[PDB]
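Below is target_8.cif, holding mmCIF, N, CA and C atoms.
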data_upload
#
loop_
_atom_site.label_atom_id
_atom_site.label_comp_id
_atom_site.auth_asym_id
_atom_site.auth_seq_id
_atom_site.Cartn_x
_atom_site.Cartn_y
_atom_site.Cartn_z
N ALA F 124 11.34 30.31 -4.90
CA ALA F 124 11.44 30.66 -6.31
C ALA F 124 10.44 29.89 -7.19
N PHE F 125 9.63 29.04 -6.58
CA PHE F 125 8.60 28.32 -7.33
C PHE F 125 7.47 29.26 -7.74
N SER F 126 6.86 28.97 -8.88
CA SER F 126 5.62 29.63 -9.27
C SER F 126 4.47 29.05 -8.45
N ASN F 127 3.27 29.59 -8.65
CA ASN F 127 2.07 29.11 -7.98
C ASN F 127 1.38 27.97 -8.72
N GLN F 128 2.01 27.41 -9.74
CA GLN F 128 1.43 26.33 -10.52
C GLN F 128 1.87 24.98 -9.96
N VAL F 129 0.95 24.02 -9.96
CA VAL F 129 1.28 22.67 -9.51
C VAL F 129 2.28 22.06 -10.48
N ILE F 130 3.34 21.45 -9.94
CA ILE F 130 4.36 20.79 -10.75
C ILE F 130 4.03 19.31 -10.81
N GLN F 131 3.87 18.78 -12.02
CA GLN F 131 3.48 17.38 -12.16
C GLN F 131 4.10 16.80 -13.42
N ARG F 132 3.93 15.49 -13.57
CA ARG F 132 4.42 14.76 -14.72
C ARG F 132 4.05 15.45 -16.02
N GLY F 133 5.03 15.55 -16.93
CA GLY F 133 4.84 16.21 -18.20
C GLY F 133 5.28 17.65 -18.23
N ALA F 134 5.42 18.27 -17.06
CA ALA F 134 5.87 19.65 -17.00
C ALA F 134 7.34 19.75 -17.41
N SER F 135 7.71 20.95 -17.86
CA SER F 135 9.09 21.24 -18.15
C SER F 135 9.37 22.70 -17.83
N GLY F 136 10.63 23.01 -17.63
CA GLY F 136 11.04 24.38 -17.45
C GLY F 136 11.51 24.67 -16.03
N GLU F 137 11.45 25.96 -15.68
CA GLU F 137 12.17 26.45 -14.50
C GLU F 137 11.69 25.80 -13.21
N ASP F 138 10.38 25.62 -13.03
CA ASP F 138 9.89 24.98 -11.81
C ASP F 138 10.43 23.57 -11.68
N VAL F 139 10.51 22.85 -12.80
CA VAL F 139 11.00 21.47 -12.76
C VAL F 139 12.50 21.43 -12.46
N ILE F 140 13.27 22.35 -13.05
CA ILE F 140 14.70 22.44 -12.73
C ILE F 140 14.89 22.65 -11.23
N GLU F 141 14.16 23.61 -10.64
CA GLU F 141 14.32 23.84 -9.20
C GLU F 141 13.85 22.64 -8.39
N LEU F 142 12.74 22.02 -8.80
CA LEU F 142 12.25 20.84 -8.09
C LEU F 142 13.27 19.71 -8.11
N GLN F 143 13.80 19.40 -9.29
CA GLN F 143 14.80 18.34 -9.40
C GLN F 143 16.05 18.68 -8.60
N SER F 144 16.47 19.95 -8.63
CA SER F 144 17.68 20.35 -7.92
C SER F 144 17.50 20.25 -6.41
N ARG F 145 16.35 20.71 -5.90
CA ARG F 145 16.12 20.59 -4.46
C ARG F 145 16.03 19.13 -4.04
N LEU F 146 15.34 18.31 -4.84
CA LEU F 146 15.26 16.88 -4.52
C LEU F 146 16.63 16.23 -4.58
N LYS F 147 17.49 16.67 -5.49
CA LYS F 147 18.85 16.13 -5.55
C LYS F 147 19.64 16.52 -4.31
N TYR F 148 19.55 17.79 -3.91
CA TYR F 148 20.26 18.26 -2.73
C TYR F 148 19.85 17.48 -1.49
N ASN F 149 18.59 17.07 -1.42
CA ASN F 149 18.06 16.29 -0.31
C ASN F 149 18.32 14.80 -0.44
N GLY F 150 18.88 14.34 -1.57
CA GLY F 150 19.23 12.95 -1.75
C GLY F 150 18.15 12.07 -2.34
N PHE F 151 17.12 12.64 -2.95
CA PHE F 151 16.04 11.85 -3.51
C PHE F 151 16.12 11.70 -5.02
N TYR F 152 16.61 12.72 -5.74
CA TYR F 152 16.66 12.70 -7.19
C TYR F 152 18.08 12.39 -7.64
N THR F 153 18.25 11.25 -8.33
CA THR F 153 19.55 10.71 -8.69
C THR F 153 20.00 11.07 -10.10
N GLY F 154 19.07 11.41 -10.99
CA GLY F 154 19.38 11.58 -12.40
C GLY F 154 19.93 12.95 -12.72
N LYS F 155 20.02 13.21 -14.02
CA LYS F 155 20.48 14.51 -14.50
C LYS F 155 19.36 15.52 -14.32
N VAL F 156 19.69 16.69 -13.79
CA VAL F 156 18.73 17.78 -13.74
C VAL F 156 18.53 18.27 -15.16
N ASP F 157 17.41 17.88 -15.78
CA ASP F 157 17.14 18.23 -17.16
C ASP F 157 15.91 19.10 -17.33
N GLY F 158 15.17 19.37 -16.26
CA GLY F 158 13.99 20.21 -16.37
C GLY F 158 12.78 19.56 -17.00
N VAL F 159 12.77 18.23 -17.14
CA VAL F 159 11.63 17.50 -17.70
C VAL F 159 11.12 16.53 -16.64
N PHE F 160 9.83 16.64 -16.30
CA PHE F 160 9.24 15.86 -15.21
C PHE F 160 8.79 14.50 -15.75
N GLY F 161 9.64 13.49 -15.58
CA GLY F 161 9.29 12.13 -15.94
C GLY F 161 9.37 11.18 -14.75
N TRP F 162 9.59 9.89 -15.02
CA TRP F 162 9.54 8.88 -13.97
C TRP F 162 10.51 9.19 -12.84
N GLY F 163 11.74 9.58 -13.16
CA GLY F 163 12.72 9.79 -12.11
C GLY F 163 12.32 10.90 -11.16
N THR F 164 11.64 11.93 -11.67
CA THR F 164 11.17 13.02 -10.84
C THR F 164 9.94 12.60 -10.04
N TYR F 165 9.03 11.86 -10.67
CA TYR F 165 7.87 11.31 -9.99
C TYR F 165 8.29 10.45 -8.81
N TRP F 166 9.23 9.52 -9.05
CA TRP F 166 9.73 8.63 -8.01
C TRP F 166 10.39 9.41 -6.87
N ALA F 167 11.32 10.31 -7.22
CA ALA F 167 12.00 11.10 -6.20
C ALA F 167 11.01 11.91 -5.38
N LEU F 168 10.03 12.53 -6.05
CA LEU F 168 9.09 13.39 -5.33
C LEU F 168 8.21 12.58 -4.40
N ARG F 169 7.74 11.41 -4.85
CA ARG F 169 6.94 10.57 -3.97
C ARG F 169 7.74 10.11 -2.75
N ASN F 170 9.02 9.76 -2.94
CA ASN F 170 9.84 9.36 -1.80
C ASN F 170 10.06 10.52 -0.84
N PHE F 171 10.21 11.73 -1.38
CA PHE F 171 10.31 12.91 -0.53
C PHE F 171 9.02 13.10 0.27
N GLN F 172 7.87 13.01 -0.41
CA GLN F 172 6.60 13.17 0.28
C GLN F 172 6.45 12.16 1.41
N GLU F 173 6.79 10.90 1.15
CA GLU F 173 6.68 9.86 2.18
C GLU F 173 7.58 10.18 3.37
N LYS F 174 8.84 10.54 3.10
CA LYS F 174 9.79 10.81 4.18
C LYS F 174 9.33 11.98 5.04
N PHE F 175 8.75 13.01 4.41
CA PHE F 175 8.40 14.23 5.11
C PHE F 175 6.95 14.26 5.60
N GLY F 176 6.24 13.14 5.51
CA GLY F 176 4.91 13.04 6.08
C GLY F 176 3.82 13.72 5.29
N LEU F 177 4.04 13.97 4.00
CA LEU F 177 3.04 14.54 3.11
C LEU F 177 2.26 13.43 2.42
N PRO F 178 1.03 13.72 2.00
CA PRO F 178 0.32 12.78 1.11
C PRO F 178 1.20 12.46 -0.09
N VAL F 179 1.29 11.17 -0.40
CA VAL F 179 2.20 10.68 -1.44
C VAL F 179 1.42 10.58 -2.74
N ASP F 180 1.71 11.48 -3.68
CA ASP F 180 0.98 11.50 -4.94
C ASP F 180 1.84 11.88 -6.15
N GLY F 181 3.02 12.44 -5.93
CA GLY F 181 3.85 12.82 -7.06
C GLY F 181 3.47 14.12 -7.75
N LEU F 182 2.64 14.95 -7.12
CA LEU F 182 2.31 16.28 -7.62
C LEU F 182 2.75 17.28 -6.57
N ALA F 183 3.47 18.32 -6.99
CA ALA F 183 3.98 19.32 -6.05
C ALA F 183 3.06 20.54 -6.07
N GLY F 184 2.12 20.58 -5.13
CA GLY F 184 1.33 21.76 -4.85
C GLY F 184 1.98 22.60 -3.76
N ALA F 185 1.18 23.51 -3.20
CA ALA F 185 1.71 24.49 -2.25
C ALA F 185 2.38 23.83 -1.05
N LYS F 186 1.73 22.83 -0.46
CA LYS F 186 2.27 22.25 0.77
C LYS F 186 3.56 21.47 0.51
N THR F 187 3.62 20.76 -0.61
CA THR F 187 4.84 20.03 -0.95
C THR F 187 5.98 20.98 -1.28
N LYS F 188 5.71 22.03 -2.06
CA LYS F 188 6.75 23.01 -2.35
C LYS F 188 7.26 23.66 -1.07
N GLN F 189 6.35 24.05 -0.18
CA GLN F 189 6.76 24.70 1.06
C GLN F 189 7.63 23.78 1.90
N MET F 190 7.28 22.49 1.95
CA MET F 190 8.09 21.53 2.69
C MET F 190 9.46 21.35 2.05
N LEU F 191 9.51 21.33 0.72
CA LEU F 191 10.78 21.14 0.03
C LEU F 191 11.71 22.33 0.26
N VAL F 192 11.16 23.54 0.26
CA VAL F 192 11.95 24.73 0.57
C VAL F 192 12.44 24.68 2.02
N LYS F 193 11.57 24.31 2.95
CA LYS F 193 11.98 24.21 4.35
C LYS F 193 13.06 23.15 4.54
N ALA F 194 12.94 22.02 3.83
CA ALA F 194 13.89 20.93 3.97
C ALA F 194 15.25 21.23 3.35
N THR F 195 15.34 22.19 2.43
CA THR F 195 16.59 22.59 1.80
C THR F 195 17.20 23.84 2.42
N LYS F 196 16.95 24.08 3.69
CA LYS F 196 17.50 25.27 4.34
C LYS F 196 18.78 24.94 5.13
#

Let me see the structure of the file written as structure tokens.
Amino acid sequence: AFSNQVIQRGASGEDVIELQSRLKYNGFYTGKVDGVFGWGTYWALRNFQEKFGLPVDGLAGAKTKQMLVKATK
């Protein structure tokens, strides 16, 4: 359900809601799902990238999104 746009710090809206929710389901995102990409989302996403063997950068491009979808199955 992700768009084709890279999700990164400062973003807001539907892609961020889904990103935070998937990271929460996987145990990485602890805060309130608010749809705003700040420190808590950056931290959770980098920890997800590290755990899943992706380059650790805190930006969700195609490969990170695909891994997050696969990991939430």

On this structure, the PyMOL selection byres ((chain F and resi 180) around 8) would catch which residues? List them as a VMD selection string, sorted by chain and number. chain F and resid 165 168 to 170 172 to 173 177 to 179 181 to 183

Go ahead and write the selection's residues with N, CA and C atoms as an mmCIF file, in the frame of the given file.
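File again.cif, as written:
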data_model
loop_
_atom_site.group_PDB
_atom_site.id
_atom_site.type_symbol
_atom_site.label_atom_id
_atom_site.label_comp_id
_atom_site.auth_asym_id
_atom_site.auth_seq_id
_atom_site.Cartn_x
_atom_site.Cartn_y
_atom_site.Cartn_z
ATOM 1 N N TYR F 165 9.030 11.860 -10.670
ATOM 2 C CA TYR F 165 7.870 11.310 -9.990
ATOM 3 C C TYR F 165 8.290 10.450 -8.810
ATOM 4 N N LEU F 168 10.030 12.530 -6.050
ATOM 5 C CA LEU F 168 9.090 13.390 -5.330
ATOM 6 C C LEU F 168 8.210 12.580 -4.400
ATOM 7 N N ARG F 169 7.740 11.410 -4.850
ATOM 8 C CA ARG F 169 6.940 10.570 -3.970
ATOM 9 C C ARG F 169 7.740 10.110 -2.750
ATOM 10 N N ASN F 170 9.020 9.760 -2.940
ATOM 11 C CA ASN F 170 9.840 9.360 -1.800
ATOM 12 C C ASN F 170 10.060 10.520 -0.840
ATOM 13 N N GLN F 172 7.870 13.010 -0.410
ATOM 14 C CA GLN F 172 6.600 13.170 0.280
ATOM 15 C C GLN F 172 6.450 12.160 1.410
ATOM 16 N N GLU F 173 6.790 10.900 1.150
ATOM 17 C CA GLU F 173 6.680 9.860 2.180
ATOM 18 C C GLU F 173 7.580 10.180 3.370
ATOM 19 N N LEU F 177 4.040 13.970 4.000
ATOM 20 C CA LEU F 177 3.040 14.540 3.110
ATOM 21 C C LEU F 177 2.260 13.430 2.420
ATOM 22 N N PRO F 178 1.030 13.720 2.000
ATOM 23 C CA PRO F 178 0.320 12.780 1.110
ATOM 24 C C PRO F 178 1.200 12.460 -0.090
ATOM 25 N N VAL F 179 1.290 11.170 -0.400
ATOM 26 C CA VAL F 179 2.200 10.680 -1.440
ATOM 27 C C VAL F 179 1.420 10.580 -2.740
ATOM 28 N N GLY F 181 3.020 12.440 -5.930
ATOM 29 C CA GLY F 181 3.850 12.820 -7.060
ATOM 30 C C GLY F 181 3.470 14.120 -7.750
ATOM 31 N N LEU F 182 2.640 14.950 -7.120
ATOM 32 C CA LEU F 182 2.310 16.280 -7.620
ATOM 33 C C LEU F 182 2.750 17.280 -6.570
ATOM 34 N N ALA F 183 3.470 18.320 -6.990
ATOM 35 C CA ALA F 183 3.980 19.320 -6.050
ATOM 36 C C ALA F 183 3.060 20.540 -6.070
#

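What the PyMOL selection byres ((chain F and resi 155-164) around 8) matches in the given file is residues 130, 131, 132, 133, 134, 135, 136, 137, 138, 139, 140, 141, 142, 143, 144, 151, 152, 153, 154, 165, 166, 167, 168, 169, 170 and 181 of chain F.
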
All alpha helix (DSSP H) residues (DSSP, backbone) inside chain F, as number ranges by chain: F: 137-148, 162-174, 185-194

Could you save those same residues with N, CA and C atoms as a short mmCIF file (atom, residue, chain, number, x, y, z; two decimals), keeping the file's coordinate frame?
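So the final result, stored in selection06.cif, reads:
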data_model
loop_
_atom_site.label_atom_id
_atom_site.label_comp_id
_atom_site.auth_asym_id
_atom_site.auth_seq_id
_atom_site.Cartn_x
_atom_site.Cartn_y
_atom_site.Cartn_z
N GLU F 137 11.45 25.96 -15.68
CA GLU F 137 12.17 26.45 -14.50
C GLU F 137 11.69 25.80 -13.21
N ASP F 138 10.38 25.62 -13.03
CA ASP F 138 9.89 24.98 -11.81
C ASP F 138 10.43 23.57 -11.68
N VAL F 139 10.51 22.85 -12.80
CA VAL F 139 11.00 21.47 -12.76
C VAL F 139 12.50 21.43 -12.46
N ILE F 140 13.27 22.35 -13.05
CA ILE F 140 14.70 22.44 -12.73
C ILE F 140 14.89 22.65 -11.23
N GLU F 141 14.16 23.61 -10.64
CA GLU F 141 14.32 23.84 -9.20
C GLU F 141 13.85 22.64 -8.39
N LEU F 142 12.74 22.02 -8.80
CA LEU F 142 12.25 20.84 -8.09
C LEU F 142 13.27 19.71 -8.11
N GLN F 143 13.80 19.40 -9.29
CA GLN F 143 14.80 18.34 -9.40
C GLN F 143 16.05 18.68 -8.60
N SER F 144 16.47 19.95 -8.63
CA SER F 144 17.68 20.35 -7.92
C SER F 144 17.50 20.25 -6.41
N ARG F 145 16.35 20.71 -5.90
CA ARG F 145 16.12 20.59 -4.46
C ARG F 145 16.03 19.13 -4.04
N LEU F 146 15.34 18.31 -4.84
CA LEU F 146 15.26 16.88 -4.52
C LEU F 146 16.63 16.23 -4.58
N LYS F 147 17.49 16.67 -5.49
CA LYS F 147 18.85 16.13 -5.55
C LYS F 147 19.64 16.52 -4.31
N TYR F 148 19.55 17.79 -3.91
CA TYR F 148 20.26 18.26 -2.73
C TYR F 148 19.85 17.48 -1.49
N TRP F 162 9.59 9.89 -15.02
CA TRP F 162 9.54 8.88 -13.97
C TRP F 162 10.51 9.19 -12.84
N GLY F 163 11.74 9.58 -13.16
CA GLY F 163 12.72 9.79 -12.11
C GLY F 163 12.32 10.90 -11.16
N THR F 164 11.64 11.93 -11.67
CA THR F 164 11.17 13.02 -10.84
C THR F 164 9.94 12.60 -10.04
N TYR F 165 9.03 11.86 -10.67
CA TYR F 165 7.87 11.31 -9.99
C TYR F 165 8.29 10.45 -8.81
N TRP F 166 9.23 9.52 -9.05
CA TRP F 166 9.73 8.63 -8.01
C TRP F 166 10.39 9.41 -6.87
N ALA F 167 11.32 10.31 -7.22
CA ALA F 167 12.00 11.10 -6.20
C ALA F 167 11.01 11.91 -5.38
N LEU F 168 10.03 12.53 -6.05
CA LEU F 168 9.09 13.39 -5.33
C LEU F 168 8.21 12.58 -4.40
N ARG F 169 7.74 11.41 -4.85
CA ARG F 169 6.94 10.57 -3.97
C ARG F 169 7.74 10.11 -2.75
N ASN F 170 9.02 9.76 -2.94
CA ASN F 170 9.84 9.36 -1.80
C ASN F 170 10.06 10.52 -0.84
N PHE F 171 10.21 11.73 -1.38
CA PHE F 171 10.31 12.91 -0.53
C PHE F 171 9.02 13.10 0.27
N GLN F 172 7.87 13.01 -0.41
CA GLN F 172 6.60 13.17 0.28
C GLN F 172 6.45 12.16 1.41
N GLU F 173 6.79 10.90 1.15
CA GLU F 173 6.68 9.86 2.18
C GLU F 173 7.58 10.18 3.37
N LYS F 174 8.84 10.54 3.10
CA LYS F 174 9.79 10.81 4.18
C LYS F 174 9.33 11.98 5.04
N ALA F 185 1.18 23.51 -3.20
CA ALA F 185 1.71 24.49 -2.25
C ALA F 185 2.38 23.83 -1.05
N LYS F 186 1.73 22.83 -0.46
CA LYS F 186 2.27 22.25 0.77
C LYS F 186 3.56 21.47 0.51
N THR F 187 3.62 20.76 -0.61
CA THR F 187 4.84 20.03 -0.95
C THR F 187 5.98 20.98 -1.28
N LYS F 188 5.71 22.03 -2.06
CA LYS F 188 6.75 23.01 -2.35
C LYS F 188 7.26 23.66 -1.07
N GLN F 189 6.35 24.05 -0.18
CA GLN F 189 6.76 24.70 1.06
C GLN F 189 7.63 23.78 1.90
N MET F 190 7.28 22.49 1.95
CA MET F 190 8.09 21.53 2.69
C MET F 190 9.46 21.35 2.05
N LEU F 191 9.51 21.33 0.72
CA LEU F 191 10.78 21.14 0.03
C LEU F 191 11.71 22.33 0.26
N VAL F 192 11.16 23.54 0.26
CA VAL F 192 11.95 24.73 0.57
C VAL F 192 12.44 24.68 2.02
N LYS F 193 11.57 24.31 2.95
CA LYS F 193 11.98 24.21 4.35
C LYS F 193 13.06 23.15 4.54
N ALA F 194 12.94 22.02 3.83
CA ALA F 194 13.89 20.93 3.97
C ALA F 194 15.25 21.23 3.35
#

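Counting from CA of residue 129 (chain F), the distance to atom C of residue 196 (chain F) is 22.9 Å.
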
Excluding same-chain residues fewer than 2 positions from residue 188 (chain F), what lies within 10 Å of it counting only C-alpha atoms, as a list in words? residues 124, 125, 126, 127, 129, 130, 142, 145, 182, 183, 184, 185, 186, 190, 191, 192, 193 and 194 of chain F

Going by DSSP on the backbone, which bits of chain F are strand (DSSP E or B)? Write them as JSON, numbers by chain, please. {"F": [130, 135, 159, 183]}

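The spacing separating CA of residue 171 (chain F) from atom N of residue 147 (chain F) amounts to 9.5 Å.
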
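For the pair CA of residue 148 (chain F) and CA of residue 195 (chain F), the separation is 7.3 Å.
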
Build an axis-aligned box that encloses every atom of region 172-176 of chain F listed in the file, pad it by 8 Å on each side, and report its centre and edge lengths in Å to one decimal, as JSON.
{"center_x": 6.8, "center_y": 12.1, "center_z": 2.8, "size_x": 22.0, "size_y": 20.4, "size_z": 22.5}

Since the input is missing atoms, can you rebuild N, CA, C and O atoms for region 134-157 of chain F and write them as a PDB file, in the frame of the given file?
ATOM      1  N   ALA F 134       5.420  18.270 -17.060  1.00  0.00           N
ATOM      2  CA  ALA F 134       5.870  19.650 -17.000  1.00  0.00           C
ATOM      3  C   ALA F 134       7.340  19.750 -17.410  1.00  0.00           C
ATOM      4  O   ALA F 134       8.115  18.794 -17.312  1.00  0.00           O
ATOM      5  N   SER F 135       7.710  20.950 -17.860  1.00  0.00           N
ATOM      6  CA  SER F 135       9.090  21.240 -18.150  1.00  0.00           C
ATOM      7  C   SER F 135       9.370  22.700 -17.830  1.00  0.00           C
ATOM      8  O   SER F 135       8.448  23.519 -17.741  1.00  0.00           O
ATOM      9  N   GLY F 136      10.630  23.010 -17.630  1.00  0.00           N
ATOM     10  CA  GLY F 136      11.040  24.380 -17.450  1.00  0.00           C
ATOM     11  C   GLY F 136      11.510  24.670 -16.030  1.00  0.00           C
ATOM     12  O   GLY F 136      11.880  23.768 -15.272  1.00  0.00           O
ATOM     13  N   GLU F 137      11.450  25.960 -15.680  1.00  0.00           N
ATOM     14  CA  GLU F 137      12.170  26.450 -14.500  1.00  0.00           C
ATOM     15  C   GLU F 137      11.690  25.800 -13.210  1.00  0.00           C
ATOM     16  O   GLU F 137      12.517  25.491 -12.340  1.00  0.00           O
ATOM     17  N   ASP F 138      10.380  25.620 -13.030  1.00  0.00           N
ATOM     18  CA  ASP F 138       9.890  24.980 -11.810  1.00  0.00           C
ATOM     19  C   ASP F 138      10.430  23.570 -11.680  1.00  0.00           C
ATOM     20  O   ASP F 138      10.746  23.118 -10.577  1.00  0.00           O
ATOM     21  N   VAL F 139      10.510  22.850 -12.800  1.00  0.00           N
ATOM     22  CA  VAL F 139      11.000  21.470 -12.760  1.00  0.00           C
ATOM     23  C   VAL F 139      12.500  21.430 -12.460  1.00  0.00           C
ATOM     24  O   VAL F 139      12.967  20.559 -11.714  1.00  0.00           O
ATOM     25  N   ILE F 140      13.270  22.350 -13.050  1.00  0.00           N
ATOM     26  CA  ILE F 140      14.700  22.440 -12.730  1.00  0.00           C
ATOM     27  C   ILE F 140      14.890  22.650 -11.230  1.00  0.00           C
ATOM     28  O   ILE F 140      15.708  21.971 -10.595  1.00  0.00           O
ATOM     29  N   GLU F 141      14.160  23.610 -10.640  1.00  0.00           N
ATOM     30  CA  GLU F 141      14.320  23.840  -9.200  1.00  0.00           C
ATOM     31  C   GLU F 141      13.850  22.640  -8.390  1.00  0.00           C
ATOM     32  O   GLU F 141      14.494  22.275  -7.395  1.00  0.00           O
ATOM     33  N   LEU F 142      12.740  22.020  -8.800  1.00  0.00           N
ATOM     34  CA  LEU F 142      12.250  20.840  -8.090  1.00  0.00           C
ATOM     35  C   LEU F 142      13.270  19.710  -8.110  1.00  0.00           C
ATOM     36  O   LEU F 142      13.587  19.118  -7.065  1.00  0.00           O
ATOM     37  N   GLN F 143      13.800  19.400  -9.290  1.00  0.00           N
ATOM     38  CA  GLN F 143      14.800  18.340  -9.400  1.00  0.00           C
ATOM     39  C   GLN F 143      16.050  18.680  -8.600  1.00  0.00           C
ATOM     40  O   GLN F 143      16.635  17.808  -7.957  1.00  0.00           O
ATOM     41  N   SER F 144      16.470  19.950  -8.630  1.00  0.00           N
ATOM     42  CA  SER F 144      17.680  20.350  -7.920  1.00  0.00           C
ATOM     43  C   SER F 144      17.500  20.250  -6.410  1.00  0.00           C
ATOM     44  O   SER F 144      18.409  19.798  -5.699  1.00  0.00           O
ATOM     45  N   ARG F 145      16.350  20.710  -5.900  1.00  0.00           N
ATOM     46  CA  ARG F 145      16.120  20.590  -4.460  1.00  0.00           C
ATOM     47  C   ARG F 145      16.030  19.130  -4.040  1.00  0.00           C
ATOM     48  O   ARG F 145      16.577  18.738  -3.006  1.00  0.00           O
ATOM     49  N   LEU F 146      15.340  18.310  -4.840  1.00  0.00           N
ATOM     50  CA  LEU F 146      15.260  16.880  -4.520  1.00  0.00           C
ATOM     51  C   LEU F 146      16.630  16.230  -4.580  1.00  0.00           C
ATOM     52  O   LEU F 146      16.914  15.309  -3.805  1.00  0.00           O
ATOM     53  N   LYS F 147      17.490  16.670  -5.490  1.00  0.00           N
ATOM     54  CA  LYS F 147      18.850  16.130  -5.550  1.00  0.00           C
ATOM     55  C   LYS F 147      19.640  16.520  -4.310  1.00  0.00           C
ATOM     56  O   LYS F 147      20.321  15.680  -3.711  1.00  0.00           O
ATOM     57  N   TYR F 148      19.550  17.790  -3.910  1.00  0.00           N
ATOM     58  CA  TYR F 148      20.260  18.260  -2.730  1.00  0.00           C
ATOM     59  C   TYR F 148      19.850  17.480  -1.490  1.00  0.00           C
ATOM     60  O   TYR F 148      20.678  17.234  -0.598  1.00  0.00           O
ATOM     61  N   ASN F 149      18.590  17.070  -1.420  1.00  0.00           N
ATOM     62  CA  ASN F 149      18.060  16.290  -0.310  1.00  0.00           C
ATOM     63  C   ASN F 149      18.320  14.800  -0.440  1.00  0.00           C
ATOM     64  O   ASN F 149      18.001  14.046   0.481  1.00  0.00           O
ATOM     65  N   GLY F 150      18.880  14.340  -1.570  1.00  0.00           N
ATOM     66  CA  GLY F 150      19.230  12.950  -1.750  1.00  0.00           C
ATOM     67  C   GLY F 150      18.150  12.070  -2.340  1.00  0.00           C
ATOM     68  O   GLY F 150      18.247  10.837  -2.227  1.00  0.00           O
ATOM     69  N   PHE F 151      17.120  12.640  -2.950  1.00  0.00           N
ATOM     70  CA  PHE F 151      16.040  11.850  -3.510  1.00  0.00           C
ATOM     71  C   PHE F 151      16.120  11.700  -5.020  1.00  0.00           C
ATOM     72  O   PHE F 151      15.709  10.663  -5.550  1.00  0.00           O
ATOM     73  N   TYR F 152      16.610  12.720  -5.740  1.00  0.00           N
ATOM     74  CA  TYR F 152      16.660  12.700  -7.190  1.00  0.00           C
ATOM     75  C   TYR F 152      18.080  12.390  -7.640  1.00  0.00           C
ATOM     76  O   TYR F 152      18.996  13.178  -7.383  1.00  0.00           O
ATOM     77  N   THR F 153      18.250  11.250  -8.330  1.00  0.00           N
ATOM     78  CA  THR F 153      19.550  10.710  -8.690  1.00  0.00           C
ATOM     79  C   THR F 153      20.000  11.070 -10.100  1.00  0.00           C
ATOM     80  O   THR F 153      21.204  11.031 -10.379  1.00  0.00           O
ATOM     81  N   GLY F 154      19.070  11.410 -10.990  1.00  0.00           N
ATOM     82  CA  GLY F 154      19.380  11.580 -12.400  1.00  0.00           C
ATOM     83  C   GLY F 154      19.930  12.950 -12.720  1.00  0.00           C
ATOM     84  O   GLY F 154      20.265  13.761 -11.854  1.00  0.00           O
ATOM     85  N   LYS F 155      20.020  13.210 -14.020  1.00  0.00           N
ATOM     86  CA  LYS F 155      20.480  14.510 -14.500  1.00  0.00           C
ATOM     87  C   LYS F 155      19.360  15.520 -14.320  1.00  0.00           C
ATOM     88  O   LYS F 155      18.201  15.239 -14.655  1.00  0.00           O
ATOM     89  N   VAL F 156      19.690  16.690 -13.790  1.00  0.00           N
ATOM     90  CA  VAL F 156      18.730  17.780 -13.740  1.00  0.00           C
ATOM     91  C   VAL F 156      18.530  18.270 -15.160  1.00  0.00           C
ATOM     92  O   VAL F 156      19.385  18.968 -15.713  1.00  0.00           O
ATOM     93  N   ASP F 157      17.410  17.880 -15.780  1.00  0.00           N
ATOM     94  CA  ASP F 157      17.140  18.230 -17.160  1.00  0.00           C
ATOM     95  C   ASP F 157      15.910  19.100 -17.330  1.00  0.00           C
ATOM     96  O   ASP F 157      15.625  19.532 -18.453  1.00  0.00           O
TER      97      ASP F 157
END
